Each structure stands twice: as structure tokens, then as C-alpha cells.
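First up is the structure itself, then whatever we jot down about it.
By convention in this document, chain letters (A, B, ...) are assigned in the order of the sequence lines, proteins followed by strands, and residues within each chain are numbered from 1. Basis for what follows: all heavy atoms, side chains included, without hydrogens, waters or symmetry-related copies.
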Amino acid sequence: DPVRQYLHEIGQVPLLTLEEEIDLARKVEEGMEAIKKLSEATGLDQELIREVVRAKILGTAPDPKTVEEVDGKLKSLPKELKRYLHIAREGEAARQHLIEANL
Amino acid sequence: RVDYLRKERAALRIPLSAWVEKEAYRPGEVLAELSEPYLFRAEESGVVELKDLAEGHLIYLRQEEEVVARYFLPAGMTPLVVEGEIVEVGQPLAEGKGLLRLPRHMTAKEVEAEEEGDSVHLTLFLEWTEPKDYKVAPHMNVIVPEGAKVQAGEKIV
DNA sequence: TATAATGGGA
């Protein structure tokens, strides 16, 4: 019975309060806007930063080259512009939890 | 909860006989030991704004939007007016009864001195920590952490 | 493209 398996799995993730629902939706929109301001600072495409942030969050494993060299360039940025890196990371974490809590 | 650091220059008038003479003032010490009650009078006109402090008071006499005189009511000087009253020149605002002191959470520095007969006109620089609580709704997110030293004009929430 | 809706069914 795979249906009882999946219902139990989405059962472990508790529902989210209206405060958490506003906070997660906030960090999502903040992260998405943090990505666009990185496409202005660094100069590369939105979807590129989008996937490099998704990688470094949801899983460890070109993997050694293109992914790490883009993240390395992002890590070698001023403090005032590395804020938007951290904001994008937690914003992508917020998207994950927003999805999981509403399955 | 935000504990502000508030500072203000305020005027005061007491008899010379009671004034314990100093230049820099600490919280709690005696500023004057009055032999008999004294009526601390307004020297200007306007509407009074009565801000109650920890164990002191501050009278704000204002005409239009500007301020005509900042008034300091030390401990042991009970106000004779109510928040939102009309006063004119010569009307008493507080009665100095007993010996008057500085409030326990307030510091007075840069005191002036103007003696006219038995009366002395003081304008001192006060500093005290005034807490103020703030309510935040779910549609609001806090920006500063616990214990964050903050400055004026900055967004807290 | 927006009321809110949050663990199946034989």
C-alpha cells in the first residue's frame, strides 16, 4: 500500500502557523529578489544562480567544475553583496518547507 | 522592549537657601533641602505636556508646535497641573515639599546657575533610560536581535 | 492567476 506510505510521510511534516506561513512566503520573495540583484552584481543568468543555490542546499553531489566555480565566485564578493547570497540560500530553504507543509 | 537613552535640557527654579551646590549630578542625591514648601512657577505661557518619569516629572509648555520652556520636576516636587491644561505666566506648576532629589534612574550634568535675590535659575542636562514596549503582528518581521545597540531613525521591525 | 480550503477508501 504505497498510499499509506506517502500519507504517513507527509504526516510527519506538521502544518505551519499563519505566522510561519507569512515568514516562509516572505523569505521566498526576499530570496527571489536577492537572486535578481546577484544577476546585476555578478552578471550571469537568474536560473544559473537558482540551480547553484538549489544544489548547495538540498544535496552535496559539471559538479566539481562549473557548480563549484560559480559558487566560488559568489563566495568571493564584498560583504554588502554577500548578504544576498545568504538571503537566497535561506529563501530557497523557505520554498522547501513551504511546499512540504502543504503537501 | 526597547530601552531608549533619552536626553534633554530643562529649566528649574528653587531658593538659594535649599540648593546643595554642585556641578555634576548623580542619580538619587539631594539637589535641595527645602525648609518650607515652595511654589515652582511658570515663567512662560502655553499648554502643559506632563510626562511622568520614574520618580520625576517633565512639564512641556508649548505654543503652536514650538516649545517655550522645558521644565524639570525633581523628586519631592509634586505637580500642580494635569496633562493637557492651560497655564499662564506666574501660575505655579509644582510645589516643592520636603527635600528634593534626582530620580534614581536619571543623571544631570552641565548645570547652570542664575541667582536673583534668594531664587536660583537652573538649566541642567538630563539623561535617563526610558523603556517603551512594542507590539508586532504576524505581518511584521523583526530585524534586530536581542541586545542590539540601536540608534535613532533605524528600522527596528 | 487570489474568500478559504491541509492524511484514502474499499
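At whole-Å resolution of the value, CG in A:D1 and P in C:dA10 are 13 Å apart. The separation between A:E100 atom CD and C:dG7 atom P is 17 Å, rounded to whole Å. Going from atom CZ of A:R4 over to atom P of C:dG8 covers 14 Å, rounded to whole Å. Distance A:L16 CG to C:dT6 P: 13 Å, rounded to the nearest Å. The distance between atom CD of A:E21 and atom P of C:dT3, rounded to the nearest whole Å, is 15 Å. Atom CD of A:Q5 and atom P of C:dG7 are 18 Å apart (whole Å). Atom-to-atom, CG of A:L18 to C1' of C:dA5 comes out at 15 Å; the value is rounded to the nearest Å. The separation between A:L15 atom CG and C:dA5 atom P is 10 Å, rounded to whole Å.
A salt bridge is absent between B:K109 and B:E127: the closest approach of a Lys/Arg side-chain nitrogen to an acidic carboxylate oxygen does not fall below 4.0 angstrom.
Residue B:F72 forms a side-chain contact (heavy atoms from CB on, under 4.5 Å) with just one option from B:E8, B:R13, B:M106, B:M77, and that option is B:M106.
Listed by chain and residue number, nothing satisfies the salt bridge (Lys or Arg N to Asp or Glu O under 4.0 Å) test with B:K97 (two or more places apart in sequence, or in another chain).
Each side-chain hydrogen bond (donor to acceptor under 3.5 Å, both in side chains) pair with one or both residues in residues 47-65 of chain A, not counting sequence neighbours, appears once here: A:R50-A:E92, A:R54-A:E92.
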